[PDB]
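Peer 1: my sequence and its experimental structure, below.
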Amino acid sequence: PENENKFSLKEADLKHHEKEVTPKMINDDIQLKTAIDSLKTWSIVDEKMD
Amino acid sequence: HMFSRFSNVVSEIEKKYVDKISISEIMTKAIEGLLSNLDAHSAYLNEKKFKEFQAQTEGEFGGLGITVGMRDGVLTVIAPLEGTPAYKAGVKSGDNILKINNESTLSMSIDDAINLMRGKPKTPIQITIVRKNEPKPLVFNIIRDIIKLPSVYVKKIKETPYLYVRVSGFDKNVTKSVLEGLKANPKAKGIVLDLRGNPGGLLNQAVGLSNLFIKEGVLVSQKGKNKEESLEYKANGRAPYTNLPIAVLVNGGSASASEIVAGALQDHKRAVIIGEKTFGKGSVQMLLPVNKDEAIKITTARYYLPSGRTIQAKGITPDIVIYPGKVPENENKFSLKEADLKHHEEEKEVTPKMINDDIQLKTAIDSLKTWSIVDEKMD
Amino acid sequence: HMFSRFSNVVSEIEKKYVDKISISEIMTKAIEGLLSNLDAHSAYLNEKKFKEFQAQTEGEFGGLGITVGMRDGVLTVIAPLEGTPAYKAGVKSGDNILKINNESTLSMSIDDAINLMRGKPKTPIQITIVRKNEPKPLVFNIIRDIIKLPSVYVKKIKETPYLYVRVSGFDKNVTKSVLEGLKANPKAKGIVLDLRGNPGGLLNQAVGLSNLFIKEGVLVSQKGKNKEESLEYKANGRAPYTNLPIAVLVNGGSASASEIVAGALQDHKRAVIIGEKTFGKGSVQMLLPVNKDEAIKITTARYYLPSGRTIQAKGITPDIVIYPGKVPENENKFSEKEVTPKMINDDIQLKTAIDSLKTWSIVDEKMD
Amino acid sequence: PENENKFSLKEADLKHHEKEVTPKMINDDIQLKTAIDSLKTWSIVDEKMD
């Protein structure tokens, strides 16, 4: 699934301050998007143990 | 003197503007003009609105306990919530609110209709209803009572050791609510802390919630303008659940309080934030009165995350970015022989039929399962 | 007195606001905050802005051609002037602007949008629109250029004596061209004075055009608060064409000058307004000179039609309301230089105007 | 022809809680609508002469 809407996150008077797997080939298929996601959780859990 | 700039200009508007504006009312318009121009969140609460807004702040207050969704454009009855005063009145679905007492609320936006309906916590309001069966309006009186709408509920997942915790708004007992929910299920192995789209408010409970998990953490991570206002200390180490897997779900709505409980966990790597980018509302607002006891609401401090980065105008950048959708499936014939054949308390626990409707909750459960597998690898 | 309230409020703001705001900036954010709340069209120009505006002139800044006016708290495109890039880009009246480039338009002043569109015409600029009957907004990449296309032409109808004069915009030459066309095309009778999509223009030329067809008197009465600035433009007796039929067309994308020509005729029973409701923008603002270099801009006075009605928000309600479409020439069977039946049948609002001229001719002949 | 509005009062009109032509019938048939539109112009030309 891809983003479809552009919300008004920021408004006026706001405060300031080929040979590799591309995000396209990750997007077209979900089974490879969830396998990379499941790697991110492993990295987070590893960093929790220092 | 310094007021020359505004005193000279306000003289012209007295005479040359078309509709004979009174200088007494001009100041009422200049104050509202100034505050709205400092930032995107300041506002002016005059005397009349002052006490009304103060009394109707976050929590329980008198009302009707009826959900409005404009189903048919006539204020249809969307949800007669169980146990609410409207349900005591016996309101039924299919009715619509043409008028309250003598005024066609349909011709007015819900902005003022909600104010009219939400009156005194005791004085009953004679609500007027219309049902298509009876052309003349029916009558249903909703006696007044403080509306007890919990902000947090905990419901198990049918086939997994993982709970589900919803956090919309923040009430005085958010921390107690989550803690008692966890106590009710001592054998949970992961919580999908869904605080998706929740704007914020009541920081004093966000810190308690985060402290319920982290052990070193931060006490209040804000600095402000004056040096005395900064409170970036450490949080206490009395957290019971210091190793429970977590996956907090965020969405563009989450602005201030759900942006400090989610962001605080991320910088301590105590959870996995799943969803879509957030609002980036890195500020707080004190409602300091002035003049005739009128709250000149204005920003007073800028929240900072533990790492030192700023959420303002930057969002929370969830680790696993995924937007709402449906989980794909492949099938050629109905799993059941027929929709009504061969099939021979729903809120008591999540079921796959509702998980498949929201891909994000599925992703959260997947992240919790990965966390469980990783934790089991350390045996 | 009342000033004490404001002084206390500003003192409190200066004491607690996070970013150490200076007093000079507070006043620049209080005056600017007042005028915007006073009336949408109003605006504030400081010393620098006032100087740059004084140096500026309506020369090479053709712009997109979009004309915008506040309505229900959002910017809406009144109508893109005919022949300009915005018209050729598909922007239609009633579309609510959301963004110009990356700048969100929530709570801007009309002057800000006008200046955003103004500049070197060749500079590309992007626009985002919200259309009522189409989900999600749009995006338009438009290149601007100066426009010299004459604003009125008097194209004649093919098979009938009736003329057809299209007043697209009220420039300085609008009143001369219409009179010249009528003079050069005599013995024509009916005149379909088309004003649809004409956002507005010079008042001096709206009264100038209305002067041709009226002899009675007051055309448009302008009144503010005090009597000194109140004045009205009463047409002189020179009305070369005070007899021929007329049928003006007005559409939701017209206002100001095109709304005083249609309103002046309607109140003298001198023509038949045909179409939809009008946008209703009929106020007047000018820079206030006594400003200590910080020129401001307020709606000094508004326009009143001779009947006494004000057109600020009411607009003009046509006599014969008929919406756009194609005439139902079907079901009657088994299935350039002059307006032709092909074009008339593609515009129902123009078919009605011709019919309302035939009845006028019949009633004129019936008296003899 | 239908105006740009899609619903307006299209659903749940209710309110109001035969012997004369009503606007619904005039909308139903275009010939009668043209006949009425050609009577208003007659009134306008009657007013002008006075």
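Peer 2: In hand now; what should we look at? Numbers count the residues shown, from 1 in each chain, chains lettered A, B, ... in the order given.
Peer 1: how about chain A: which residue is closest to chain C?
Peer 2: residue A:11 (4.9 Å; C-beta to the nearest C-beta). Yep, even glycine has a C-beta here, placed from its N, CA and C like the rest.
Peer 1: that residue contacts residue C:108, doesn't it?
Peer 2: No - using C-beta atoms under 8 Å, residue A:11 makes no contact with residue C:108, being 10.4 Å away.
Peer 1: which one's more surrounded, these two?
Peer 2: The residue with more neighbours, out of residue A:11 and residue C:108, is residue C:108; 19 against 12, by other C-beta atoms under 10 Å in any protein chain shown.
Peer 1: is it true that the more buried one touches residue A:12?
Peer 2: Yes - using C-beta under 8 Å, residue C:108 is in contact with residue A:12, at 6.8 Å.
Peer 1: now name the helix or strand holding the closest residue to residue A:36 other than its chain neighbours.
Peer 2: Spatial nearest neighbour of residue A:36, excluding adjacent residues (C-beta to C-beta, 6 or more residues apart in numbering or on different chains): residue A:26 at 6.7 Å. Assigned by DSSP states H and E, residue A:26 belongs to helix A:23-27.
Peer 1: and for residue A:10?
Peer 2: Using DSSP H and E, residue A:10 maps to neither a helix nor a strand.
Peer 1: what residues are up against it?
Peer 2: With contact taken as C-beta atoms under 8 Å, 6 or more residues apart in numbering or on different chains, residue A:10 is in contact with B:280, B:313, C:104.
Peer 1: what sits against residue A:25?
Peer 2: residue A:32.
Peer 1: over to residue A:33?
Peer 2: A:26, A:27, B:322.
Peer 1: I'd assumed it was in a helix, is it?
Peer 2: Yes - using DSSP: H, G, I helix; E, B strand; the rest coil, the assignment for residue A:33 is a helix.
Peer 1: mind listing the helices for chain A?
Peer 2: Remark: helices assigned in chain A by DSSP state H are A:23-27, A:31-48.
Peer 1: which of the contacts of residue A:10 lies closest to chain D?
Peer 2: Using C-beta to the nearest C-beta, those come closest to chain D at residue C:104, 26.7 Å.
Peer 1: bridged to that closest one, which residues?
Peer 2: Residue C:104 forms beta bridges with residue C:99, as assigned by DSSP bridges.
Peer 1: so how far is chain B from it?
Peer 2: As for residue C:104, its distance to chain B is 11 Å (criterion: C-beta to the nearest C-beta, to the nearest Å).
Peer 1: point me to the residue sitting farthest from the middle of chain A.
Peer 2: Seen from the C-alpha centroid of chain A, the residue lying at the greatest distance (C-alpha atoms, centre = their mean) is residue A:13, 28.9 Å away.
Peer 1: got a list of what that residue touches?
Peer 2: Residues in contact with residue A:13 (C-beta under 8 Å, 6+ apart) are B:37, B:38, B:39, B:40.
Peer 1: residue A:27 against residue A:2, yeah?
Peer 2: Yes - taking contacts as C-beta under 8 Å, residue A:27 lies within contact range of residue A:2: 7.1 Å.
Peer 1: residue contacts, the residue nearest to residue A:36?
Peer 2: Counting by C-beta under 8 Å, 6+ apart, residue A:26 has contacts A:32, A:33, A:36.
Peer 1: do that again at 10 Å, thanks
Peer 2: A:32, A:33, A:35, A:36 (C-beta atoms under 10 Å, 6 or more residues apart in numbering or on different chains).
Peer 1: then residue A:8?
Peer 2: Each residue near residue A:8 by C-beta under 10 Å, 6+ apart is listed here: B:252, C:98, C:99, C:104, C:105, C:106.
Peer 1: residue A:32 now?
Peer 2: A:21, A:25, A:26.
Peer 1: cool, and residue A:49?
Peer 2: B:269, B:374, B:378.
Peer 1: now swap in residue A:44 and tell me
Peer 2: By C-beta under 10 Å, 6+ apart, residue A:44 lies in contact with B:247, B:266, B:269-273, B:319-320, B:367, B:370-371, B:374.
Peer 1: run the last query once more with 7 Å
Peer 2: Going by C-beta atoms under 7 Å, 6 or more residues apart in numbering or on different chains, residue A:44 touches B:269, B:272, B:319.
Peer 1: which residue is nearest the middle of chain A?
Peer 2: For chain A, the residue nearest the mean C-alpha position is residue A:37 (8.5 Å; C-alpha atoms, centre = their mean).
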